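For reference, the chain that follows is the form deposited in one PDB entry, supplied as structure tokens.
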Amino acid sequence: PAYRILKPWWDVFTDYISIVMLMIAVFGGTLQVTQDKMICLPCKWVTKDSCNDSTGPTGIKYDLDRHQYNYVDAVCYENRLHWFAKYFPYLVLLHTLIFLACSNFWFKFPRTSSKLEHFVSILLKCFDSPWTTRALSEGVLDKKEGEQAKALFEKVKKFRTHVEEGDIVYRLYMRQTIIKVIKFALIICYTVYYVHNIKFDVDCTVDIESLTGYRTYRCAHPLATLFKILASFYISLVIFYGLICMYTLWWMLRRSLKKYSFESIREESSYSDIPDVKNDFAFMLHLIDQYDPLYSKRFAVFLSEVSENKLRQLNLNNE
């Protein structure tokens, strides 16, 4: 719909980063489901559960069947591959889903969603109202435009009485931003600390000697360096998702967003009776200013009693 004006540049950037991280999750999950395996070769000479590592060259004969090799691979994939290298794509998918839910929670939570829909609808209809152009131009008026302007003025008064008492939208946005930086810190810590465990060479000691004949095996995890790449790329994107989110926190704490002053508008335009608004009205007008400040300007004429008197007088001239 028309919620694009309610999403500043930081929200758009975080949404696109979430899309790329979802692409990472899907790609890694497809690879982990389809082609993730280990190629384990037994160590012929062992030195206290450690490989001893010791006329032409001829191949070492292990006497294992193909299914014994498959059993060794499965056991050393389950028991000795690190949990990060196995469940990295699913952790990424979980983190992306939580990030998306946090970013789009207030669009689905009924109390905030109703207020946001009301605000966006009245602001779109106000910005598209011809009375805004007529008033900012400062008697010719179309009749239907006449009671349209009057009804929209009354609707603006209704909305101010209906939204301004509460701050649920602002508090919800604050909590979403706080969660989206706490989770970013936790993700960065546990992902940077455990990314080094995605290795290509894995030495496994699984004690399946009664079924295979060997205790220690040397295994190759083929989709590891790629998992070292994707994770690194993921650690890049999350870092961006952190920094942007941190800026949002700064944007919500550098000044009080529960108070909006129309001082510039009544400084420029003639209608100096335009009051200052509080709470969710103030925060949503700040969000609108993050998209296009002109959307605020054409709204301000609808908040003034002098404009109400002028509209009433001109309508009364008309009908």
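In this text, the rigid core denotes the largest set of C-alpha atoms whose superposition between the two forms falls within 1.5 Å. One-based numbering along the sequence shown.
The same protein also has a form deposited in another entry, omitted here; what follows describes it.
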Option from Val46, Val26, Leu294, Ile39 moving between this form and the one not shown, CA shift at or above 2 Å, rigid core reference: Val46
Please say whether, between this form and the one not shown, the C-alpha of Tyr69 moves by 2 Å or more once the core is aligned. no
Superposing on the rigid core, is the CA of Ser270 displaced by 2 Å or more between this form and the one not shown? yes
After superposing the rigid core, is the C-alpha displacement of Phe99 2 Å or more between this form and the one not shown? no
